Every structure is written in C-alpha cells, then in structure tokens.
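Q: PDB entry and its sequence, pasted below:
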Amino acid sequence: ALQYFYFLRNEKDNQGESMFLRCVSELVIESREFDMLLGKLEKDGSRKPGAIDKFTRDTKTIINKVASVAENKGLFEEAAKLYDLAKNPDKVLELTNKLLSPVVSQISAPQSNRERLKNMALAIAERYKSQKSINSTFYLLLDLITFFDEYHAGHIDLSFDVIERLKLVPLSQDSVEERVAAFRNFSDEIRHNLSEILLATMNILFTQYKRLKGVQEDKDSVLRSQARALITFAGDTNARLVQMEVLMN
Amino acid sequence: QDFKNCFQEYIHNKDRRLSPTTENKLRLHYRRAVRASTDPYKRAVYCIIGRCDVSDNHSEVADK
Amino acid sequence: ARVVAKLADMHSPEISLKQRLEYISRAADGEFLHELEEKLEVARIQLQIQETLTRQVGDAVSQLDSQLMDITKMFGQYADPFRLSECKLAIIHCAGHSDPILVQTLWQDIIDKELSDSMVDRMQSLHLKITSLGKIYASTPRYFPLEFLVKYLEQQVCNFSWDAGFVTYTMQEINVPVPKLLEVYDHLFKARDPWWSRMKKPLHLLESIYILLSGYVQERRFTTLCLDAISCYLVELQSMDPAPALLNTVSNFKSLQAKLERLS
Amino acid sequence: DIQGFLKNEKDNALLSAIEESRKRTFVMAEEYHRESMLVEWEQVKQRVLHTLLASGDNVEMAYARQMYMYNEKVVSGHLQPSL
Amino acid sequence: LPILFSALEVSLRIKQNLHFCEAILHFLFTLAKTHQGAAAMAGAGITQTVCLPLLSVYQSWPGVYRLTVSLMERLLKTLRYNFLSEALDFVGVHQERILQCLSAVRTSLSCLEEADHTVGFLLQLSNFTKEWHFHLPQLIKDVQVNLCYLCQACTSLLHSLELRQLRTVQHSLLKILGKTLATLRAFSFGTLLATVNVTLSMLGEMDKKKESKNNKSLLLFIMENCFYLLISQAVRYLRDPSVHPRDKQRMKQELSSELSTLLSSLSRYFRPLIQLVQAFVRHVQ
C-alpha cells in the first residue's frame, strides 16, 4: 500500500499538504505497522528507516503528530519511542516517568514487563546521558528507577548506601531541613519520582527494622525512632510512621 | 502456588510493615469476584482469610 | 505510651535530651497528637539553643538540659541574652507571633553576626546563617519576613560589595519559591528606595533580578510574569539617566527578555 | 439575635450560590456533550449512508509491483517512465 | 487532604456531620475543576477513602452522595485514562445504587436528581466504552438496555403555582431526558422510529404549551441523535453482505415510507438536517 502511495509523492491537497504524508499516517495508524513505514527506534536511539523515508527526506512533524496519536490512544511506550525518534527528550522523559511510576512493585519476575520496562528505561537513560534542568531530572529519574528496582527486588544494602550518597531522601530528623532543600531544588523528572522514592526508602528502613526485631525492644525503639525522624523530615509521613509503630507493637 | 511474603504474613510470618495496607485488598477482590464464586471451599477460605462475609454460614463446606 | 511520655517529661539530671527524644519516639487522641507535635517543635528549638550554646554558658546548657522550657523562658532568659537571632525567629515562629520589623531585625542580625563570625568568607558566612534560619522559619510567615530579609541583605551586599547573586542563591537555598522572590525583588525595585541611589548602585535590584531570572531559565505563566516584570524594569531603567551600569543592566535584561521569550 | 440570623443567611446564600453554579455547570456539561453527540452522530451517519448507497489478487499484485517501480523511478528523479 | 479524608472516612463510618460531609464534598468538587487539583485528589486515594464507607449511607446525605458522584464524573472528564480503573472500581461498588437511581425516575424530585447524577456519571464513563465493556461485560449491556428503557420512560412521562411546580419538574425531567437520549445515542429499526416519533411528539407538545428552552434544545439534540442512530443501523444492514438483498430492499422501502412521512411532518413543524433526512429517504426509496 505504501508502494502505491509513493505514487502520490508530489500531490498537494487543496490546503497544500502532501497526500503522501496523510495516506502514510492513516495507514501506519490503522495497520499497526508504523514500525515498517516510518521506521523503528533502536535501543541506542538511532532511527531504523521506514519505507516513507525513501520518498521524502524529513519526517519530523510526521513523527510528532503520530506520537501524539499514540498518546491519544494511550499507547505510552510507542509514543515514547516515537517522540524519541523526533528528537523531543521532554515528552520522552515525561512518558518514561509516567510509566515507571507504577513499576514500584515487582512480582512474576520475567512474566511481567518489569524486565522489559527496566531494559527500556535503562536504554533511554543511557541515551539521554550520552546525548542542566532536563538532564538532571532525567538522570535523577534513572537513579530513582534504580532505587525503586532494588526496593521491589529485595536489594537493600547497596540501594540504601546509594540513597545515603544521593542526599535526596532524609534518614534523620535533623535532615528534615536537608530534605526540604533537596526536594525543593531538584528538577521535574526527579520530583515526579520523589513520591515513590520516599515510599521505598521508608519501607527499606522498615524491613531493616523487622530483620533487627525478628536486644529486641531496643530494636523496636531504634525502628520507631528512624520512623519518626523520617516523619519530621518529609503529614503523610507522620501518619505512616505512627501507624508502623502501632502495627509492630 | 510479592504474593509469597503476603501469604506467609497471612499464616505464619509476623510481617510488621510500615505504611502498608492489609486486608483491605483481599476483602475487596473477594466481594468483587470470590463472593460469587462457584467454589464453596474457595469462598469459605476467602471469608476466613480476610475477615469478611461473616453472614455466610458457607454451610456447603461447614456442616457440623 | 503514657509511661514513656512521663519518663520523657521527668525533670531529672539522669534523663538527658537524647533519652528524652528516644522515649518520645517510643511514645480524645487527636489533641494528644497535636500536643506532642507542638512539643516536638519546641524540642527542636531547645536542642538548637543547647547545641549553639555548647559550641559558642554552663548553667544555661545545664538548665535547658535539666527540664522542659516554655517559649517565654527560652525567649527572655535563653534566646535573647545570647542574642541567638535564628533561635528567636524559630521561637516566635512556634509562638505564631507576627512582628514585621522585629522579623526584619532577626534576619538582619543573623546576616551580620554570621558575616562577623567568619571575619568572600563573610558573605559565605551570611549565606550559612541566613539559610540555617530560613529553612527553619520560611514556613511560618509570622517569623520570616522574606521581604525584610531580602531588603536588609541587599543593603549588606551593597555595603561590602559582594556578588549581587548571594541574596537570590541564599533565599533559594531556603526553598523560598522563585515567584514570591520575584515579587519581593520587583516590589523593592518599585519602592524606588533612595538608599540604593545613595550607594551609587541604582541597578543592584536589576542585577539581582537578572541573576534570579537567568538561574530560573537555566533550571509559561511564571515566565509570563517574568516577561511583564522585565518589560517594566526595562521601562524604569530606560527612564533613568544613562550611566554605564544603567545601559549594561539594560542590555543584560534585554538578553534575559529574549531568552525567556525562547523559553516561553 | 439579629447576628445569628445574618450569619445563617450569608451561609445559606453561599450554599445556594454554589449549588446553582454547580447545576449550571452540570447543564452546560450535558448540553455541550449533546452538541458533541450531534456532531459525531452526523459524522457516523454520513459514513454510514455512504456505506448504504454502496448497497443498491494476482492482478493487483502485478499492478502494485508496477506502481512501486514507477514511484521508485520518480523519487530517485530518474526519467519518468511511461506508466 | 490527608486529615480531611481521614475525617470523612470516620464520619461516614459513624454517619455524622452531614453538613460537614456535604461542605467538604462541595469544596472537593470545586477543587476538582483543576488538573493538578484532581490529580492530587486521586493521589490522596479519594477513592480508597470514600468508596468503602459510601455503602453505609444507603445500606444532606443523598445530596452528599450526588455531589460525590458529580466529583467522580468531573474527575473522569478531567483525567479519563489514568482514572478509569478507580472509576470502574467505584462503579462496581455503587452499581446497585446507580441502577436504583436510574429506575426511581418512574415513581419525586430526589429520584430525578439521583437519576440525573447517575446518568451523568454513566456519560462520563461512556467515553471509555471499550474498557468499560472489557472489564464489566454484563454492566455495559444491562446499561444500554435499561437506558433505552429509561429514555422511553422519560418520553412517556413528558408527552402526557402547582402548575409552576409541575412545569419545573417537567423541565428538569426533559433536561435529564435529553441527556439520557444523547447518552444512549453516544452508545429494531421500528424502535428507533418510535424514539424519533416520540421526539417529534414531545417537540410539538412543548411548542404547544405556550427551563423550557432547555427542553427545546434537548429534544432537538434527541431528534438529531435518533436520526443518526437509525441511519447508522440501517446503513449497517445495507452494507452487511450477510443481510439478504430481500431484507435490504424491503427495509429500504419501509424506511423510505416512514422517513418520507416523518420528514414531511418535520418540515411541517419547523416551518442541513432536513436535507440529510430527505437524502436518506431517497437513497432508501
């Protein structure tokens, strides 16, 4: 069909657009075959050509509008890849964060796209880090993805270490002040991860608390102490920490 | 047979957790799907685990 | 819970502040929670005062350690005598008292005393203390007069001729939102305070705005307000007599204007 | 106690103002959705009626290979062959 | 919002502070007009809080329920994609009460408002009919069925100072009816023709009786929608090769008759819709 539609290469509608682009868009959106006609984005961020690349030199606006359509269709991942092709890191990071958000929880290790999404996020992060506001939001979102991964995986020691090094989440009552600063200074794609980052750091503290408790009462004391200190750091946190002190008692 | 730590939490493991939500999710699905299930034993087990549907004698599997 | 609370509350030389805090962490209900939270705030204040006294006096430390102190006693017997400006700011913040010029003086005292305690290093010490206090009081508008802090600190930076960005980076270090800071800066500019004219630095306000806005761009409606304020200050500076500083500020703000336009 | 009368009056005034603004917004939503249903309905109707007046392979593959060859000599700017 | 929802949960649990519940609900609904507002509202688990207790109220109060449904509909209209899940959850919970509201319109102003709110919620959900039928297949179907039933009920009630109160009640009934009509539309041929006929009948009955302009707009929308739906169904039967040509031509003739008569009576009342209807009749003739 695209071989036929190439024949309208020079056609202009009454409004001046190229019939080639309109037909290619309707086909790719209809035939679920954008990957062939307009191309596919590899892992490194280089554009594998589409057939519609043969008839014209540039398909930037095509990529943008088609990514918009996929967005409208709720097609998150392909919209990310498409905007990625169109050289729009902003929308890319946007969709990446939007999807990575629910990726806080891990189960059915290989079956769930957890592995798939992890790989795609890793590749996109590598792409942007190779490619201050946008890049910092990006790389911090990537480290936040790593933190959520170790949280959902049971990797506890190394991720708590990296958390300590990052100074994004406060682990001490006085670090309340510190916490505000970090949470106030960072960029968008990081603050978007800030909520789940808080949740995961709290639960890591919590499992360390339980392993200590599971000398006992002293462990429960240190646990609730860390809980209330993190509470002072972050409303929601204080209710959560009071609740945890309640439940462990 | 995240659901394994949950199962142990239900039977044996103490599972002290911080800001976690428990027994809200179980009763929810149970009311949604299990409450109408054609498996008497299954619905009875759901009642037992999630402390819900106390009205049901579930006498299909409880006779004495 | 009641028992550990009582032990935390027992005025005794054996129950130090640390064990007090731990017993607290191990500790009709809603008012009890609010009481305990206000207690925790007063406690952070007390520990700040004690630590500063220990590093910067024996009886005051021993007394603040011996029993819980109420706000008035800390203010009059502890915070004021040692002139702990940041401490008084935190205290009146916890007391919900609002006194504008007093808050001005508290921020100014923080700034000047810090600038003293490190006799570049002076402005750095000012950044240190002003941030240390702001992050404590920026949340209680009754004890952190953002306008007054910015005004007095700009006066100081004009006095010692430091980098005009110290005020902006400092205030941002206390998480004061860039828009309210833009409002403070624009208002200070509109008041046409003859002081800045007296120091022959009539564009210091403009350069501060420029640093704030360029920092903002590097890191649509806020940008719109920025476009409006940039046009306004451009008109005000184009109305002033042409000095080299004036024209340099003019071209810099114009560059910021076109940059924000590309950013909008 | 004219004060309490005044205050309850102002409060009920706010409540009625909000309830009325709410009902107005709801009616606006309903009517806008209605005009939307009408427009999209006419669009479905026209596509449909065009399907209605519609009721009273190897060859295409060869034609498609030919058209591909033609547009291919077109894009490369080659001498436009006779289709 | 944390403390607020904690409070509301407590309140609905004990069934107290009705004025508090309603005021908070209105404040929430007002905040919900904003994108960030409703975003955080969900981020508060407003569903996680309200959905559970709301069973208690039916197991001012109905006003609070209505305001909650309104907030749900507005929230769907504000953020459909990421919120459809919770919306469907709450609906599966509140399904029985929504059905009761949609049924009470037969036997009362409170029943009217409740039906209107349930219908508005159903409308806000209709924009995701795909996932709707996907998860709750019985739901969307029983919904379409009862919606036809209730649109017919509204038509029947409408076609046939106490005068002022009655006129106001009928005006609200007609507004809700037009809403439900455009709704079932947004979702035999003789039944469609009956709908269009009742539409023209209500239009004549209203234009005779000289809030009301609302009835006029709703009935006009309903006429447009019934035309579109009947036409789409007939064009389906026509383009469908499984429908025999005998049924094709027979339906063509019968529909041409009914449509000529209806378009004639229409042009009589109204003295591009008339053009479209005449063209559909001719292409069906």
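A: All right, it came through fine. Numbers count the residues shown, from 1 in each chain, chains lettered A, B, ... in the order given.
Q: residues in contact with the nearest residue to residue C:118 once chain neighbours are set aside?
A: Nearest residue to residue C:118 in three dimensions, chain neighbours excluded: residue C:125, at 3.6 Å (Cβ to Cβ, 6 or more residues apart in numbering or on different chains). Yep, even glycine has a C-beta here, placed from its N, CA and C like the rest. Residue C:125 makes contacts with C:114, C:115, C:116, C:117, C:118, as judged by Cβ atoms under 8 Å, 6 or more residues apart in numbering or on different chains.
Q: Can you show me the helices along the stretch 101-250 of chain E?
A: Here the stretch 101-250 of chain E has its helices, by DSSP state H, counting those that start in this stretch, at E:109-126, E:129-135, E:137-159, E:162-186, E:189-208, E:212-239, E:245-270.
Q: could the ones you listed go into CSV alongside distance to chain A and mean neighbour count?
A: Shown next, in CSV, are those (distance: least, Cβ to the nearest Cβ, whole Å; neighbours: other Cβ atoms under 10 Å in any protein chain shown):
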stretch, distance to chain A, mean neighbour count
helix E:109-126, 16, 22
helix E:129-135, 9, 15
helix E:137-159, 19, 17
helix E:162-186, 18, 20
helix E:189-208, 30, 17
helix E:212-239, 19, 22
helix E:245-270, 28, 15
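Q: would you turn those helices into JSON lines with distance to chain C?
A: Listed next are those as JSON lines, based on distance: least, Cβ to the nearest Cβ, whole Å:
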{"stretch": "helix E:109-126", "distance to chain C": "28"}
{"stretch": "helix E:129-135", "distance to chain C": "32"}
{"stretch": "helix E:137-159", "distance to chain C": "40"}
{"stretch": "helix E:162-186", "distance to chain C": "34"}
{"stretch": "helix E:189-208", "distance to chain C": "46"}
{"stretch": "helix E:212-239", "distance to chain C": "36"}
{"stretch": "helix E:245-270", "distance to chain C": "47"}
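Q: do the longest helix seen in chain D and chain E meet?
A: Assignment by DSSP state H gives helix D:2-52 as the longest helix of chain D. Yes: using Cβ under 8 Å from any Cβ of the partner chain, helix D:2-52 reaches chain E at D:18, D:22, D:26-27, D:29-31, D:33-35, D:37-38, D:40-42, D:44-46, D:48-52.
Q: closest to residue E:275 among the contacts of residue C:125?
A: residue C:114 (81.8 Å; Cβ to Cβ).
Q: Not counting residues beside it along the chain, what's closest to the residue of chain B found nearest chain D?
A: Nearest residue of chain B to chain D (Cβ to the nearest Cβ) works out as residue B:32 at 29.7 Å. Closest residue to residue B:32 apart from its sequence neighbours, by Cβ to Cβ, 6+ apart: residue E:92 at 6.5 Å.
Q: Direction-wise, compare the strand or helix carrying that neighbour with helix E:109-126 and give the angle.
A: Take DSSP states H and E as the rule and residue E:92 turns out to sit in helix E:61-104. On the basis of axes from the mean of the first three to the mean of the last three Cα atoms, to 10 degrees, helix E:61-104 is oriented at 80 degrees to helix E:109-126.
Q: other SSEs contacting helix E:61-104?
A: Applying 3 or more Cβ pairs under 8 Å, 6 or more residues apart in numbering or on different chains; DSSP states H and E, one finds that helix E:61-104 contacts helix D:2-52, helix E:18-31, helix E:35-43, helix E:46-50, helix E:54-58, helix E:109-126, helix E:129-135, helix E:137-159.
Q: Could you report the neighbour count for residue C:231?
A: Residue C:231 is flanked by 12 other residues according to other Cβ atoms under 10 Å in any protein chain shown.
Q: One more: residue A:107?
A: Residue A:107 has 13 nearby residues by other Cβ under 10 Å.
Q: close enough to count as contact, it and residue B:6?
A: No: look at residue A:107 against residue B:6 with Cβ atoms under 8 Å: they stay out of range, at 9.7 Å.
Q: What angle do helix E:162-186 and the longest helix of chain D make with each other?
A: 40 degrees.
Q: now the contacts of residue C:125 in a markdown table, with neighbour count?
A: Shown next, in a markdown table, are the contacts of residue C:125 (neighbours: other Cβ atoms under 10 Å in any protein chain shown):
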| residue | neighbour count |
| --- | --- |
| C:114 | 23 |
| C:115 | 23 |
| C:116 | 12 |
| C:117 | 14 |
| C:118 | 14 |
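Q: Between those, which sits nearest chain A?
A: Distances from chain A to the contacts of residue C:125, taken by Cβ to the nearest Cβ, are shortest for residue C:114, at 16.4 Å.
Q: who's in contact with the nearest residue to that closest one once chain neighbours are set aside?
A: Leaving out its chain neighbours, the residue that sits closest to residue C:114 by Cβ to Cβ, 6+ apart is residue C:129, at 3.3 Å. By Cβ under 8 Å, 6+ apart, residue C:129 lies in contact with C:86, C:110, C:111, C:113, C:114, C:117.
Q: Can you pull up the most central residue in the chain?
A: All of this is about chain A. residue A:97 (2.8 Å; Cα atoms, centre = their mean).
Q: actually it's chain C I care about, not the one you picked
A: residue C:134 (3.0 Å).
Q: Go ahead and confirm that residue touches residue C:181.
A: No: contact criterion Cβ under 8 Å: residue C:134 and residue C:181 do not qualify, at 11.5 Å.
Q: Can you check which residues contact both of the two?
A: Shared contacts of residue C:134 and residue C:181, counting by Cβ under 8 Å, 6+ apart, come down to residue C:171.
Q: For chain A, what lies in contact range of chain B?
A: Residues of chain A lying near chain B (Cβ under 8 Å from any Cβ): A:105-107, A:199, A:202-203, A:205-206, A:209-210, A:213-214, A:227, A:240-241, A:243-244, A:247-248.
Q: Now, of these, which are buried?
A: Among the residues of chain A next to chain B, those buried by neighbour count (16 or more other Cβ atoms under 10 Å in any protein chain shown) are A:106, A:199, A:202-203, A:205-206, A:209-210, A:213, A:227, A:240-241, A:243-244, A:247-248.
Q: Among the residues you listed, which one sits closest to chain C?
A: residue A:227 (7.6 Å).
Q: Assumed residue A:40 was part of a strand.
A: Yes: under DSSP: H, G, I helix; E, B strand; the rest coil, residue A:40 sits within a strand.
Q: tell me the SS of the residue nearest to it when sequence neighbours are not counted?
A: Sequence neighbours aside, residue A:48 is the residue nearest to residue A:40 in space, at 4.8 Å (criterion: Cβ to Cβ, 6+ apart). Judged by three-state DSSP, the three-state class of residue A:48 is strand.
Q: tell me the contacts of the closest residue to residue E:175 other than its chain neighbours?
A: Take residue E:175 and drop its neighbours on the chain: the residue closest to it by Cβ to Cβ, 6+ apart is residue E:214, 4.7 Å away. Going by Cβ under 8 Å, 6+ apart, residue E:214 touches D:27, D:31, E:171, E:174, E:175, E:178.
Q: same thing with residue E:198?
A: So residue E:198 contacts E:152, E:155, E:156, E:159 (Cβ under 8 Å, 6+ apart).
Q: Swap in 6 Å and give it another go.
A: Each residue near residue E:198 by Cβ atoms under 6 Å, 6 or more residues apart in numbering or on different chains is listed here: residue E:155.
Q: Buried ones among the residues of helix D:2-52 next to chain E?
A: Members of the residues of helix D:2-52 next to chain E classed as buried by 16+ other Cβ under 10 Å are D:22, D:26-27, D:29-31, D:33-34, D:37-38, D:41-42, D:44-46, D:48-49, D:51-52.
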